[PDB]
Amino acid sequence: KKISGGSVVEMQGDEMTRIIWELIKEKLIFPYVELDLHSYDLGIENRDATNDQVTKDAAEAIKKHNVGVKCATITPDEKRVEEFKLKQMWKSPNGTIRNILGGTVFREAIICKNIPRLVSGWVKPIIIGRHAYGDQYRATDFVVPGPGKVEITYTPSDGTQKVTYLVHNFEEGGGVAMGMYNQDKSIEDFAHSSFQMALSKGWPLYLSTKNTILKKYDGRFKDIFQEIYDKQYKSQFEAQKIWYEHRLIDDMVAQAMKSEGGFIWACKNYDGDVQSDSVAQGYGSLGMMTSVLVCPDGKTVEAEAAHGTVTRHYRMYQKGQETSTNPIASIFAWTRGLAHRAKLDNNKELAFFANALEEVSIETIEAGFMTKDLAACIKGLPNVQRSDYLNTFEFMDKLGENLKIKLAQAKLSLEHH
């Protein structure tokens, strides 16, 4: 008998990750879980065919069903526009989804005992809470073709005043300019999510900004966090012998590098992007990271594989050549989404399944069965031999076999007791 999984929004993606996504569903999910799956194809060709409407439709479906699982997608540049003959250079679908849902993206390494860290001191996890809204991801940027003034203005909705600031008077030649923004309510939601994560883990929290330079913009994040801490969380932190402190971003990246881990790090949108990749690589592998958007309603989540679409492997796959691609981040997008679905529905069987699949994934790699990219972490890519790893299909089949075993034994444990 299969587990009744409930409603899940899935977003199909691109290139190698698109192939792996289908293998995960076929081999690891569908044989055990029956889902009311709302499928949106976010492949670059379908986003082009729908003028990117499919991306907005998927985000609206997540608001409705409360759980989304997303495959890695291409954010097209000039080369991609030429490759696919795109109508427009479509904006990041992750940016589109995040700006519709809002919230905080929590990112953490997926640790295997036999995969070495690059930062030896990191014995405890570092969890980044990346503010998912605004800043560079909803900016208006443009080329300044020549001499002239760039100004930024604010006009209150009543129409009773107008403030105009000179950004720059280009006196000789041109350049570039941009405007960006953030919202008080979004920053407040980011603060609440960060304080709640720290209390859930029993770890201290650090917020990074550059408020000495962006005195008003970054000063606002610092002020909102401090006001919310003082009024709503300080006694809770004190009860757990933890603390909250603001840090300048450049001091914070050095503090993190020198640390033993074991803290929550609240990052603005851009820093969360950069620093989560630095941290994932520091723990051993860029591809071994979870990424879950927690929305402000405290009910909606979107789990994703945050890494690239592995174009190099896709080109090999297109030529009918053997590939060996790490599917773990894509599997954990499904297990994190299904664990939330289970929490919302009080579904014990689904919660057990989601945790079991995470355990199987880690146990498989720790038993020495892994893809080429993971074998390269241990030995170095030029030293990897074909006898050191499993191809994509072989690895998925090994996970499938280990999953069947874990679930079979647990089923037998019930009937006995």
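Residue indices: 1-based, along the sequence shown.
- Annotation for 96-104 versus 341-349: the higher mean temperature factor (C-alpha) is found in 341-349.
- As recorded in the PDB entry, 150-158 is the stretch of 176-184 and 150-158 with the greater mean C-alpha temperature factor.
- Per the deposited coordinates, the residue with the largest Cα temperature factor out of 45, 373, 358, 366 is 45.
- Out of 327, 129, 116, 262, it is 116 whose C-alpha atom has the highest B-factor in the PDB entry.
- In this PDB entry, residue 391 carries a Cα temperature factor that places it within the lowest third of its chain's modelled residues.
- Remark: residue 219 belongs to the lowest third of its chain, ranked by C-alpha B-factor as recorded.
- In the PDB entry, a CA B factor belonging to the lowest third of its chain's modelled residues is recorded for residue 192.
- Ranked by C-alpha B-factor against the other modelled residues of its chain, residue 139 falls in the middle third.
- Compared with the other modelled residues of the chain, the Cα B-factor recorded for residue 90 ranks in the highest third.
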